[PDB]
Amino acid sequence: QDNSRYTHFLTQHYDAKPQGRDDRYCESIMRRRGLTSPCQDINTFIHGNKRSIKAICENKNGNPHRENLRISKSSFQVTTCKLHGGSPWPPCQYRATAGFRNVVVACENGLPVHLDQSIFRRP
């Protein structure tokens, strides 16, 4: 209930220095982060350092966006893992897509607590 939404944000969407950002990378980090009981169908990780991600909450590196979101001014190395196979039960098979662009998050008390996945559900 307190700042735990932010640490959960880090757990779900942050990875400081991934290695290869290939399929195997996805399948492994998605398991290690526990987004595998029902297999999450899409999930994106942001790379780089925490300070600049947090700064998306201030005008320093963010802009108000849509209803209540914030869009970053800078771009981030990012990797999106998409479930492949339909069945939502393990084994969870992921296809990885590395990318570089700004992100949309929701802030709370000056901290990111939500990553908007729609801009990566790139069709």
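Residue indices: 1-based, along the sequence shown.
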property: Between 52-60 and 67-75 (mean CA B-factor, as deposited), the higher; result: 52-60
property: Average Cα temperature factor in the PDB entry - higher stretch of 97-105, 6-14; result: 6-14
property: Cα B factor band for residue 46 (lowest, middle or highest third within the chain); result: lowest
property: B-factor third for the C-alpha atom of residue 81 within its chain; result: lowest
